[PDB]
Every structure is written in structure tokens, then in C-alpha cells.
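Before any comments, here is the structure.
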Amino acid sequence: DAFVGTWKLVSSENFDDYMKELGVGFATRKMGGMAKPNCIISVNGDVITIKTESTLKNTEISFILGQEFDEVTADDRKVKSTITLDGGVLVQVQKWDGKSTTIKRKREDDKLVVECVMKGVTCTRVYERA
Ligand SMILES: CO[C@@H](C(=O)O)c1cccc(OCc2ccccc2Cl)c1OCc1ccccc1Cl
């Protein structure tokens, strides 16, 4: 849709702090911190796929809007994820061990803007089309 495409990370703010708030240790934060992933979003029927690709780590999820799914995150959390589309924003929540984190993806001008919140920490990541 508005989201379908291949997107390259061009800026990131507070990602280390976000990872730390998730309880990510040093080695894994080091890997995530200066990574500049591509995110490839595609849709087929009811099923959206989001692939994230980087030199040291790749992940992929496929999901139906509103349908909870099991996910293993890049930092090896085992989470229950639900993704809905609200006012043009793809809203993802991940729930695990009585915690939650949200990942909101929106389109703004030429940007795919990704807001990641854990407790009091808010990270903003910006991607542009490859
Ligand atoms: C999946 O989309 C992106 C985005 O929208 O910026 C996104 C949203 C939320 C958490 C993310 O990584 C959480 C992480 C990543 C690495 C280490 C610890 C953690 Cl805790 C993330 O990047 C996914 C990633 C980032 C860098 C490298 C590969 C990947 Cl696979």
C-alpha cells in the first residue's frame, strides 16, 4: 500500500536507550546500534510481510491485521504481537513477561517514520525508499 516498498534506514534517535529499556545486553545493542537495515514491506491478500535485512541480522514477520501471532524478536525475546492499522498508522504491540512495547509505523512526506516506545523511552527511526 502506502507502506509497500524497500526502505533504507537514514536516521535513528534514542535506539540504544530503547534497547537498554528492553533489557538488551551490550553485544546485542552494539550490533543493533549502528546497523542501517533495509525494511521490505509487501502485501498478498490478507497477509502483510515485513522483512528487515542487515549485515549481522535479518528478521521477518508475516501477519494478518488484528490477529495475534508469536514472534521472536531480533534480540531473542519471545513475544505475542498484534498489528492493526489505525488512521493510516501501522500499530504493533509486543507483549511478554507482563511488559509491552509499541512500534508505530507511519508514512510522512518521503519518510517511513517508526516510533518505538518502551516505558519512558521513545525512539524515532526514519527510512527512505531505496
Ligand atoms: C523491524 O523494524 C525496525 C524499525 O522499524 O526500525 C525495528 C523496530 C523495533 C525494534 C527493532 O529492533 C530491535 C533490535 C534490533 C537489534 C538488536 C536489539 C533490538 Cl531490541 C527494529 O529493527 C530491527 C533491526 C534493527 C537493526 C538490525 C536488525 C534488525 Cl532486524
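Taking the Cα centre of segment 7-129 as reference, the dipole from Cβ charges on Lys and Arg (+1) and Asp and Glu (-1) amounts to some 220 debye.
For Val89 and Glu13 in one chain, what is 0.36 nm times their gap in residues minus the Cα-Cα distance, to one decimal in nm? Before the final figure, lay out each step's value.
On the way: separation 76, 0.36 × 76 = 27.36 nm, distance 1.96 nm.
That works out to 25.4 nm of additional length.
Computed from backbone phi with θ = phi - 60° and the Karplus coefficients 6.51, -1.76 and 1.60, the 3J(HN,Hα) list for segment 72-82 is 9, 6, 4, 8, 6, 6, 9, 10, 9, 10, 9 Hz; x is used for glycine and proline.
For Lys20 and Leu65, a Förster radius of 30 Å and the Cβ-Cβ distance give a FRET efficiency of 0.50, rounded to the nearest 0.05.
So how far apart, in nm, are the two label points at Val126 and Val113 if each is 7 Å from Cα heading toward Cβ? So the two model labels end up 0.9 nm from each other. By the beta carbon rule, with partners counted only under 4.7 Å, the chain holds these lone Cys residues: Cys39. Kirkwood radius, the chain, all distinct C-alpha pairs, inverse of mean reciprocal distance: 15.0 Å.
When we count neighbours, we look across all protein chains shown, and the Cβ atoms used for this are built from the backbone with ideal geometry, even at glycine. Read-outs throughout are calculated quantities, based only on the coordinates presented, and are distinct from any laboratory measurement.
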